[PDB]
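**Student:** This is the structure I have questions about; it appears just below.
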Amino acid sequence: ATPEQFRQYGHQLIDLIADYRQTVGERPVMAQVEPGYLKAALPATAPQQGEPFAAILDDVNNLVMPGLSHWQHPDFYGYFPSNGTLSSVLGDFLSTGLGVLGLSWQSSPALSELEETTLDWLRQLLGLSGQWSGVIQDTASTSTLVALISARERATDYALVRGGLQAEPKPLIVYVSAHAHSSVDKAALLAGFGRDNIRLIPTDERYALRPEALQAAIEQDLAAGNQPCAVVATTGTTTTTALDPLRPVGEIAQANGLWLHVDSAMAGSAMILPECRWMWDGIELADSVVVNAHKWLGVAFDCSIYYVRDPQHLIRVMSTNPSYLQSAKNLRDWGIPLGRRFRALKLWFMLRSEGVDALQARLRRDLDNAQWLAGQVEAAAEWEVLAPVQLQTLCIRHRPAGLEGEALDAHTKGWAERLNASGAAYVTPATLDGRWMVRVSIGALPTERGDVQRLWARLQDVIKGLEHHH
Ligand SMILES: *Cc1c(COP(=O)(O)O)cnc(C)c1O
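Under the entry's author numbering, read the sequence shown as residues 1 to 328, 334 to 475, first letter to last.
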């Protein structure tokens, strides 16, 4: 397309996306197609000569829109939100249409310097001290790998410029809560740790790891000749949004020379709320922390924030130059990819356009709406909440009288799959304590108290065999 062909196409697409965001609630939250629907519906080869853009858009309405689960939906409650404020979407347009790449400062100064400013902007909004400095990764997954590669490198004296992992005399252990996200385990394994070497630490009544078990596990490996390396604590676990206690775990990791990396992907955003930073107490004792501004806060995916107190050790590892001294910026050296796009446009536009006053009320909205639905669920007979509601996620279940064990597990994913298939809401079944339950994660951008009331009505009715279509 010419730049003005593109501008005739630009305005048509701006309109299509504006009507989507407007009328999204009118659709089934989750896709109602079958595996193979699109591949069967598409050509088998690329076209030799270009095809008109109206042809695409037709295909976009007629083939692509029915095979979407809608994350930006008032009735989406699944997983954790993947929140896409239209101001940040407007930042992403500009980053793509500009076309620049950061391979170095010189290859575009405005990209790196903006990212430096906006990350410091948010560092302050989260309540973090001045010793913290951040970079945008693509995902928490990558971020925790960065942090476990950082952990490895600290405990092995930068072996990567020598024999690397296989020349180390002692197994490097990684200690995580038994409710830590599956990305934490993978990251260990991609950094070479071995499943054997990852000890899951048991949890408490509130599914938070017991520091007493950590220090038990840690003494036992020293009494085995293994070499403890790193702890990974989770502030807001995926199942129940449990809250690892980071001050006792941070004093342990400090007393034993281990890396404390904190996985605050989901609940990190709440730390712009001053009333919620009890959840983060101890975090100043941590070596790294990751928050997914592309989750709840509302910047469009991808935008994963990683903060270290020792950026000189990050640069040493990722630039594979351990002789480096900070006192004697190049985001190249702050993560895996040597090239980045202008994702700082997204943070900049959202932080500005909305304002910290809007971002605070929204998150406090999802917190307040999750206390409301927990109060109905507690009091309705036959219904129960299985975990504390310290964030905006509820672990709920319905209990027919007499119905225990496997049968109930079937009853629970049955109605969970029936509610999802109706189109009224999107919920994520998940296991807790060897039993199946159902998660309600409240925080999609347009989810307000009216929508949550409805969800509580569809939940009751789906058990009585009543399902709602649009
Ligand atoms: C979502 C999440 C992850 C995964 O982060 P990605 O950005 O999807 O890679 C890891 N840990 C926690 C606690 C999360 O909520």
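Cβ atoms here follow ideal geometry from the backbone N, Cα and C, with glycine treated the same way.
#1: Suppose only complete runs of 3+ residues qualify. What are the beta strand (DSSP E) ranges in the region 365–442, listed by chain order?
#2: Would the beta-carbon of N226 be found less than 7 Å away from any heavy atom of ligand 1?
#3: Relative to the C-alpha of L90, which candidate in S104, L350, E219 has its C-alpha closest?
#4: Any heavy atom of ligand 1 closer than 7 Å to the CB of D263?
#5: Judging by CA-CA distance, which residue of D456, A412, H473 is the nearest neighbour of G428?
#6: Mark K295 as exposed unless 16 or more other C-beta atoms lie within 10 angstroms of its C-beta, in which case mark it buried.
#7: Specify the secondary structure class of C229 as computed by DSSP and reduced to three states.
#8: Can you confirm whether the region 274–282 touches the region 238–254 when touching is taken to mean that 3 or more C-beta pairs between the two stretches lie within less than 8 Å?
#9: What residue ranges within the region 190–276 form continuous alpha helix (DSSP H) runs of no fewer than 4 residues, ordered along the chain?
#10: Is it true that the region 134–141 meets the region 194–211, where meeting means three or more beta-carbon pairs spaced less than 8 Å apart?
#11: Going by C-alpha to C-alpha distance, which of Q49, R402, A384, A379 sits closest to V394?
#12: Just to check, is the beta-carbon of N83 closer than 7 Å to a non-hydrogen atom of ligand 1?
#13: Three or more C-beta pairs under 8 Å: does that hold for the region 256–267 against the region 140–153?
#14: Would you check whether ligand 3 has a heavy atom nearer than 7 Å to the C-beta of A140?
#15: In the DSSP assignment, what are the bridge partners of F76?
#16: Return yes when at least one heavy atom of ligand 1 lies under 7 Å from the C-beta of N321, else no.
#17: What are the boundary residues of the beta strand (DSSP E) that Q137 is part of?
#18: Given the structure, does residue 330 come close to ligand 1, in the sense that its CB is under 7 Å from one of the ligand's heavy atoms?
#19: Quickly, what does DSSP pair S288 with across the bridge? List them, please.
#20: I need the straight-line Cα distance from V289 to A265, nearest angstrom please.
#21: For the alpha helix (DSSP H) containing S177, list its first residue and its last residue.
#22: So, does the region 411–426 touch the region 216–226, judging by three or more C-beta pairs under 8 Å?
#23: How is the alpha helix (DSSP H) around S88 delimited, first residue to last?
#24: What does a CB cutoff of less than 7 Å around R123 pick up in its chain, not counting 5 residues either side in sequence?
#25: Which one of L101, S108, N226, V291 has the shortest CA to CA distance from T156?
#26: Specify the secondary structure class of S446 as computed by DSSP and reduced to three states.
#27: Cβ of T234 versus every heavy atom of ligand 1: is any distance shorter than 7 Å?
**Tutor:** For this structure:
#1: As far as the region 365–442 is concerned, its whole beta strand (DSSP E) runs of at least 3 residues are 388–390, 398–403, 433–437.
#2: As a first step, residue 226 must be located in the sequence shown, where it is residue number 226. Because no heavy atom of ligand 1 lies under 7 Å away, the Cβ of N226 does not count as near it: no.
#3: To locate residue 90, count along the sequence shown from 1; it is residue 90. It is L350 whose Cα lies nearest to the Cα of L90.
#4: Working through the sequence shown from its first residue, we reach residue 263 at position 263. For ligand 1, a non-hydrogen atom lies closer than 7 Å to the CB of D263.
#5: Looking up residue 428 in the sequence shown gives position 423. That would be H473, whose Cα lies nearest to the Cα of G428.
#6: What you label residue 295 is simply residue 295 of the sequence shown in a count that begins at 1. So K295 counts as buried.
#7: Your numbering for residue 229 matches position 229 in the sequence shown. Three-state result, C229: strand.
#8: Taking a cut-off of 8 Å on C-beta distances, the region 238–254 touches the region 274–282, as three or more cross pairs fall below it.
#9: Taken in chain order, the complete alpha helix (DSSP H) segments of 4 residues or longer contained in the region 190–276 are 211–222, 246–255.
#10: Counting Cβ pairs under 8 Å, fewer than three are found: no touch.
#11: Counting from one through the sequence shown, the residue named residue 394 turns up at place 389. Closest option to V394, judged by alpha-carbon separation, among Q49, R402, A384, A379: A379.
#12: Counting from 1 along the sequence shown, the entry for residue 83 is found at position 83. Not one heavy atom of ligand 1 sits closer than 7 Å to the Cβ of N83.
#13: The region 256–267 and the region 140–153 touch, with no fewer than 3 CB-CB distances between them shorter than 8 Å.
#14: The model on display carries ligand 1 but not ligand 3.
#15: By 1-based counting over the sequence shown, the position of residue 76 is 76. Residue pairing by DSSP places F76 opposite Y431 in a beta bridge.
#16: Taking the sequence shown and counting its residues from 1, the one referred to as residue 321 is at position 321. Result no, Cβ not under 7 Å from ligand 1.
#17: Position 137 of the sequence shown, counted from the first residue, corresponds to residue 137. Note, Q137: beta strand (DSSP E), 133–137.
#18: In the model shown, the chain runs from 328 to 334 with nothing in between, leaving residue 330 without coordinates.
#19: One-based indexing of the sequence shown puts residue 288 at position 288. For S288, DSSP records a beta bridge to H261, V308.
#20: Position 289 of the sequence shown, counted from the start, is the residue given in the question as residue 289. Position 265 of the sequence shown, counted from the start, is the residue given in the question as residue 265. The C-alpha of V289 lies about 9 Å from the C-alpha of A265.
#21: To locate residue 177, count along the sequence shown from 1; it is residue 177. That residue, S177, is in no alpha helix (DSSP H); its beta strand (DSSP E) goes 172–177.
#22: No, the region 411–426 does not touch the region 216–226.
#23: As a first step, residue 88 is located in the sequence shown; it is residue number 88 there, counting from the start. Annotation for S88: the continuous alpha helix (DSSP H) segment containing it runs 86–98.
#24: For the purposes of this step, residue 123 is identified with residue 123 of the sequence shown, where counting begins at 1. So the list reads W132, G134, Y307, once near-sequence residues are dropped.
#25: Numbered from 1 along the sequence shown, position 156 holds the residue referred to as residue 156. Nearest C-alpha to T156: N226.
#26: By 1-based counting over the sequence shown, the position of residue 446 is 441. Three-state DSSP puts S446 in a strand.
#27: One-based indexing of the sequence shown puts residue 234 at position 234. The answer is yes for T234.
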